[PDB]
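Before any questions on binding or motion, here is one chain by itself as C-alpha cells, the form deposited in one PDB entry.
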C-alpha cells in the first residue's frame, strides 16, 4: 500500500442520526494533483467543497459515491483547478476501503469519488486511486446498507455535515 501523507475526515448524518466520523488517508506522493484537490475540497478553502454534500449513489457490495456538490445527482461537481484534470496514476489497484475518482472517461476528474466496499477489479486501470479509509470503515458499511430505491439513491439523504483536515 502507498504512503499516507495527509488525513482528512467526514462527519456523517442521516436525518437526525449521527453515524460517526470517517477518517481518510491520502497518498500525496503517488497522486499529488488528485490528493490536493480532495484535500482542499474537504477544507472548503476556495469557497466550495464537500461540507453539506451527500452520497448520492449507494450500491451494496460495491461502493458508495459522493462529491457532486453542485447538482446532487451525479452530473456535476468541479475541481479546484477548474472543470477537469488529468489521470495521474492508473497503476494502483482498488481494494476494500479505497478512495477513487469517478470520471466520464480519460482525464475527466472533477470532484466526484467513490469509496469501495468490495473488490472492484473492473475499475482497475481506469480510475485513479488516491487514498483509503483509515478509521470509520463501520460508518461506510452502515451507509452501504441504507435503504435505496430507484436509481440506487438513498431514500433518506446521507449527508456530510462536516469535513476538513486532521
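Positions refer to the first chain, counted from 1.
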Please work out which of 42-50 and 121-129 has the higher mean CA B-factor as recorded in the PDB entry. 42-50
For the higher mean C-alpha B factor in the entry, choose 67-75 or 82-90. 82-90
How does residue 142 rank on Cα B-factor within its chain, lowest, middle or highest third? middle
Which third of the chain does residue 115 land in by C-alpha B-factor: lowest, middle or highest? lowest
Among modelled residues of the same chain, the CA temperature factor third for residue 32: highest
Quick check for you: using the entry's CA B-factors within this chain, is residue 26 in the lowest, middle or highest third? middle
Where does the C-alpha B-factor of residue 17 rank in its chain, lowest, middle or highest third? middle
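Below, we refer to the form deposited with a partner chain bound, which is not included among the displayed structures.
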Check residue 103 for me: does it contact its partner chain in the entry with it bound (non-hydrogen atoms, 4.5 angstroms)? yes
How about residue 117 - does it come within 4.5 Å of its partner chain in the entry with it bound, if we only consider non-hydrogen atoms? no
Contact between residue 128 and its partner chain in the entry with it bound at 4.5 Å, heavy atoms? no
Its partner chain contact in the entry with it bound: residue 57, any heavy atom under 4.5 Å: yes
Taking a heavy atom within 4.5 Å as contact, would all three of 53, 72 and 82 count as contacting its partner chain in the entry with it bound? no
If we test each of 98, 140, 31, 123 for a heavy atom within 4.5 Å of its partner chain in the entry with it bound, the one that passes is 123
Within 4.5 Å of its partner chain in the entry with it bound, heavy atom basis, the matching stretch of 60-68, 45-53, 31-39, 132-140 is 60-68
